[PDB]
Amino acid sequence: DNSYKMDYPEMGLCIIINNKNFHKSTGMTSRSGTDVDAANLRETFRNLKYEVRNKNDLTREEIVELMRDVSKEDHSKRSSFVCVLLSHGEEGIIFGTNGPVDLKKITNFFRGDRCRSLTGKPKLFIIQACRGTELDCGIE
């Protein structure tokens, strides 16, 4: 056997965190078009038999809170876990509506000892956010 067992009762979860509107105090601009991404993703993963859950405009606390609760669920009848994060960000950090959350923190909720029901199962994190401020000038 050299491929992940995908024959479990259900394909798995698919949490999509779509952040468009941020708090004035943060100084972060609205992410126009992100709804199209949230909508597109919802359909695709739906057609892949995943249990999609859309969460819009979550605060840094609500993000951790959600990830904490999702890890405490029973995934024994699930094949995988997909987590999509659409938001602003920097290297190792994604923005909640009121402040930054370091990826490492929410990622830990699913690593081995924390989420035993997903052990040996693929935990996929798809991330649409900036990772710095460099610009690629292309060539040819």
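Position 1 is the first residue in the sequence shown; the rest follow in order.
- With respect to the recorded C-alpha B factors, which stretch has the higher mean value, 59-67 or 91-99? It is 91-99 that shows the higher mean C-alpha B-factor.
- Task: Using the B-factors recorded in the PDB entry, average over the C-alpha atoms of 29-37 and of 47-55, then report which stretch comes out higher.
- Result: Averaging CA B-factors over each stretch, the winner is 29-37.
- Item | Per the PDB entry, maximal CA B factor within 106, 115, 86, 82 | Highest C-alpha B-factor among the listed residues goes to 115.
- Query: What third of its chain, lowest, middle or highest, does the C-alpha temperature factor of residue 134 fall into?
  - Reply: Its C-alpha B-factor belongs to the middle third of this chain's values.
- Task: Could you look up the Cα B-factor of residue 12 in the entry and say which third of the chain it sits in: lowest, middle or highest?
- Result: Tercile = lowest for this residue's CA B-factor.
- Where the record places residue 123 (Cα B-factor, split into thirds across the chain): Lowest third, going by the recorded CA B-factors of the chain.
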